[PDB]
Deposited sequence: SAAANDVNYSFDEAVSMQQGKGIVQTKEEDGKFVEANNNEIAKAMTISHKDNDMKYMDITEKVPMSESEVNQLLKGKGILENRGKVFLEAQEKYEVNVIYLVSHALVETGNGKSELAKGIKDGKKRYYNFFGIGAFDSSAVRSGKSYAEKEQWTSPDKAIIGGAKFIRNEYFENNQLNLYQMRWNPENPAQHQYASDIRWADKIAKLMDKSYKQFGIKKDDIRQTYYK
């Protein structure tokens, strides 16, 4: 069976509302727990969130660096975002947009990485535990993978997204966030607006460069 439609919307909502399941929302400058009604509203299907991001797009290094101009630690790293796109077959507009949301347009202090020994570790995609503490103990995905440079963190993030999400039939933002095939497991983030934020930047970049959209899917539930 290639049939990944497993749950009704109501069944999925109740699972997303389950015990100790971290769903969060930005209010008054920081993240708080989302209520059950906010969760249900967020997972409701309304198209960048629903677009397959497992294909390459024809963006040159010049075009990618345009997008990255004024983006902090990510500025003038378009060549490496493209190396990631071609190596791992990950949409570069998606990849850039995801990094921009997570790193605060490349300007956040956490985007400048975490020191340990003579190395510093970088993480631009919110992958695993990434804080002072976790790097110390070695319970950090970034350290395990030795993302010792920004370029390694770009390539490594794409490798992770491809191998852990795209190869797990989570092919667009909605599936990455809400995993309708298996609700409330293997979800990329706790922010209920995670997909919205990335999708917004993707859509701007699609309309800036006139890029053609890949497949859209809006059917996920019984």
Got a list of the deposited-sequence ranges with no coordinates?
1-2, 49-52
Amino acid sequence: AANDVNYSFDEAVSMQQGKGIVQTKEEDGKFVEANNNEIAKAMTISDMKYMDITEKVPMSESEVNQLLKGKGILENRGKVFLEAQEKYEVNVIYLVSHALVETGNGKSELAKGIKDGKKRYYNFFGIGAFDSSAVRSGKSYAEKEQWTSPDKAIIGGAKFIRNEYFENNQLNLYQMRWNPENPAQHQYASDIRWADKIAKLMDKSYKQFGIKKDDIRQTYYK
From here on, numbers count along this sequence of modelled residues.
Look up the CA B-factors in the entry and say which stretch, 196-204 or 209-217, has the higher mean.
209-217
Comparing 175-183 with 56-64, which stretch shows the greater average C-alpha B-factor in the deposited entry?
56-64
Of 159, 30, 69, 49, which one's C-alpha B factor is largest in the deposited record?
30
Among 39, 154, 189, 45 - the residue whose C-alpha B-factor is largest in the record:
45
According to the PDB entry, is the CA B factor of residue 114 in the bottom, middle or top third of its chain, that is, lowest, middle or highest?
highest
Relative to the other modelled residues in the chain, which third contains the C-alpha temperature factor of residue 149: lowest, middle or highest?
middle
Among the modelled residues of its chain, the C-alpha B-factor of residue 163 falls in the third labelled middle
Taking the chain's C-alpha temperature factors as the reference, tell me which third residue 125 falls into: lowest, middle or highest.
lowest
For residue 86, the third of its chain into which the C-alpha B factor falls
lowest
